[PDB]
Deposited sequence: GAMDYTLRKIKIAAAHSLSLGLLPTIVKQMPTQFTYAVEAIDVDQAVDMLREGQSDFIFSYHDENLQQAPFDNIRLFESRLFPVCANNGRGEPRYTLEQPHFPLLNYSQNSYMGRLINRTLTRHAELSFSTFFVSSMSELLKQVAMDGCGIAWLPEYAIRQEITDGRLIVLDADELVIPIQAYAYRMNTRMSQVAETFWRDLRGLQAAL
């Protein structure tokens, strides 16, 4: 495993689309008995980094391989993806032939879902204009009026109520997402167990 070891350091590897939105909440509401080392990763890197010992815990989404036996998990929260765009009416329409699309990477948990829904809807012709795994990068480019992006509710909650971003669909084009915290089912240090035990108690407040 990793030779890097302290008694209080919590080594976390979080998905690109999840780090900025979730980790500030955890670090703030956790008992200050920990030291944090955060590494932004893709979803497909999480399995090896847990088995190799690179990370004590993983903050990503629904992973088919991580839900199973050698790993334990907590569902941190579930959210919904809403296709939004900038300016009190949408700057773009979904029925517009080949609209500018702001999407996540193909190898992200979240780009795969949007790519599946778009292919499932033949009535939506689009032109991919910007691709990034950072939810904030896609958010800022969307607020600049560059196109349409599927974004999570928590990351654009203030902009939807503000009017800077406008939701385009609430029924058939809403994609569900579930965020999870993963770990090896084996016993860890006493502080890592304290981190895991506390993390469960903060879940209802997440």
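- Coordinate coverage of the deposited sequence is interrupted once, at 88-90, where no C-alpha atom was modelled.
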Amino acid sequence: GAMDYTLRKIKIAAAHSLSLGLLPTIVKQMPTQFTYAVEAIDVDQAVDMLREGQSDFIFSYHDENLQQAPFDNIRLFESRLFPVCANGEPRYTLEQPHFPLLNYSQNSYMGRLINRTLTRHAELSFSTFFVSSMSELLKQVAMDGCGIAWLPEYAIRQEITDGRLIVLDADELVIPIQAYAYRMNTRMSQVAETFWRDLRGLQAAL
From here on, numbers count along this sequence of modelled residues.
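- For the pair 101-109 and 117-125, the mean B factor over Cα atoms is greater in 117-125.
- The deposited model assigns a higher average Cα B-factor to 168-176 than to the other stretch when 168-176 and 44-52 are compared.
- Comparing the listed residues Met30, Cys146, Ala149, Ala37, the entry records the largest Cα B-factor for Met30.
- In the PDB entry, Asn185 places in the highest third of its chain by CA B-factor.
- The deposited CA B-factor of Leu94 belongs to the highest third of values across its chain.
- Ranked by C-alpha B-factor against the other modelled residues of its chain, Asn87 falls in the highest third.
- Annotation for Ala142: C-alpha temperature factor in the middle third relative to the rest of the modelled chain, per the entry.
- Per-chain ranking of the deposited C-alpha B factor places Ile156 in the middle third.
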